[PDB]
Amino acid sequence: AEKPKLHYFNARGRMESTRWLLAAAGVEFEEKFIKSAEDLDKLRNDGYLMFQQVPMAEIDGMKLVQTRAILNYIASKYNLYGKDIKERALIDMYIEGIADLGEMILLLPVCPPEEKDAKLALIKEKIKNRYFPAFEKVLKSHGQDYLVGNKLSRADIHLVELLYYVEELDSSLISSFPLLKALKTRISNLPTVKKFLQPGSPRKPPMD
Amino acid sequence: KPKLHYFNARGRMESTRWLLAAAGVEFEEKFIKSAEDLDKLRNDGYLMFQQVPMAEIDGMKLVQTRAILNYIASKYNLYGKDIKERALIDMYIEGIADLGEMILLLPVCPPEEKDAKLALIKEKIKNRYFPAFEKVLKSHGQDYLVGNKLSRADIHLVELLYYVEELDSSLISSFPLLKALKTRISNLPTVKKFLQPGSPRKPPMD
């Protein structure tokens, strides 16, 4: 039927994690970029946005807004949300950690220059002492190739998306975490993700 | 019984109390009173990301509010009947979580920001959030947000209705279907009991 359509600015922001997820799952999708204040007004006036905000994803007859509502739908539909409620609970806990750390990095562009370098220090500290250790530990708990249930899930995709942003921020941060290093390699070589990393894909660049 | 590890306040764990109580589920609380109570949780390995809320439930130690709430809603059949209903539920409650996060962080706002933040909240309540939920109720005439049956969304929206009433009781006044939902849901036996003096429901912060 209808390809999904994704409505956002031509940038990573809040739609990037959905592009990764769809691309990871081998699903073809279309984008519709918001060029101006008037394009977003058009969306609002046409009643396309429940809460007057994008990201919005037109998919299977719905106009889903809220990143988490979109991700959750795509994850279940393409069997990347684990095989049962308990598995979904581990996935949720992992990905919400990832979302929290992600949020910090995503917002660092719009810090006050006053606060910026304590905020960066604070981030780097959480990564090294909080986040990378918890996942390294998960990976080391089972020695398996994926974070949950010994098969590809959304957790692996969101984690690896984040490991790319961490690299850009400071490529030394991951160096004392070998299992994370290996996870990043393995996931980046999966056909669909190798293609998404290749030039020409919907993958978006860092902002300028 | 599930066991909820938090401070003896609303914060990020009150939505879980509402949900469990709404689902007629008994739970325990183990309150964190000293910085050292929190140390022990950390050193014992109870917290994946070093933070509470944490719920010990069905033999897991779930942290993160969304993960805890996701598991409960499914387990007690308050997460609709299929993926498409779950996606509408998701959309609704994440909007509710966005408004709630703004109201939740208000006490800890730098004082010089407080006034503007409160006015931006009321403006968002009036023009963005309440109309959107009134719209949904109006479109189907049903007693429930989704599926014509009680769901987590109804529960989460009504909890937020109580917080908005605390902030300013005039804000709901031009939204009659929201007012009606608030009444209907507060009258469900489990919610009516939660709302009665003596339940694990927590007070606003000092």
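Quick note: numbers below take in every heavy atom, side chains included, and nothing from hydrogens, waters or symmetry partners. In what follows, every chain begins at residue 1, and chains take the letters A, B, ... in the order their sequences are listed.
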If you compare all heavy atoms of [X] against all heavy atoms of [Y], which two are closest, and at what distance to 0.1 Å?
X	Y	answer
A/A89	B/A67	O-CB, 4.3 Å
B/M91	A/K63	SD-O, 3.7 Å
A/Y73	B/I83	CD1-O, 3.7 Å

Please state whether the side chain, the backbone, both or neither of B/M60 comes within less than 4.5 Å of a heavy atom of chain A.
side chain
Can you tell me if [X] has over 12 outside heavy atoms packed within less than 6.0 Å of its [atom1]?
X	atom1	value
B/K179	NZ	yes
B/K117	NZ	no
A/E2	CD	no
A/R186	CZ	yes
B/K138	NZ	no
A/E114	CD	no
B/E123	CD	yes

Using modelled atom types and a 3.5 Å cut-off, is there a donor and acceptor pairing between side-chain atoms of B/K84 and backbone atoms of A/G61?
no
Ring centers of A/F135, B/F49 separated by less than 6.0 Å:
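So the answer is yes for these two rings.
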Please test A/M50 against B/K135 for side chain to side chain contact (heavy atoms under 4.5 Å, CB included), starting from the C-alpha separation and ending with a verdict.
CA-CA 9 Å; A/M50 185 173 171; B/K135 206 183 163 183; over 6 Å; no
Counting only heavy atoms closer than 4.5 Å, note whether A/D100 contacts chain B via side chain, backbone, both or neither.
side chain
If I measure from the heavy atoms of chain B, does A/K126 come under 4.5 Å with its side chain, its backbone, both, or neither?
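Answer is neither: A/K126 stays 4.5 Å or more from chain B.
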Spacing of A/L71 atom CG and B/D90 atom CG [to the nearest 0.5 Å]
10.0 Å
